[PDB]
């Protein structure tokens, strides 16, 4: 399965995840960047029976940036895939939406890309 573990992206954020037999992803996310501190709940989904032709395993997950310590009124989803093997890796693109008035909605979404590996920064 390969996905369960502790991953780090290029910003030094820490992605602690468990890939369940039902296709669920469950864990915590700690962002090294932004209006965020300590750990946040995450939940997502992954293809629990991927192709065997060398394709990666599609997955995605969501963090809402509220925990017991602060609330940044925003949420990020990551969409990507797990690529196993030599140096396993989760390649993602992400969308970060901030709570906004409908008038400011046009400016409410950031886009980016994160690459995760199991190598502690």
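Residue numbers count along the first chain shown, from 1.
In this entry, 51-59 shows the higher mean Cα temperature factor of the pair 51-59 and 76-84.
With 66-74 and 85-93 compared on mean CA B-factor from the PDB entry, the stretch scoring higher is 85-93. The PDB entry assigns its highest CA temperature factor, among 21, 11, 25, 16, to 21. In the PDB entry, a CA B factor belonging to the lowest third of its chain's modelled residues is recorded for residue 111. Ranked by Cα temperature factor within the chain, residue 100 sits in the middle third according to the deposited record.
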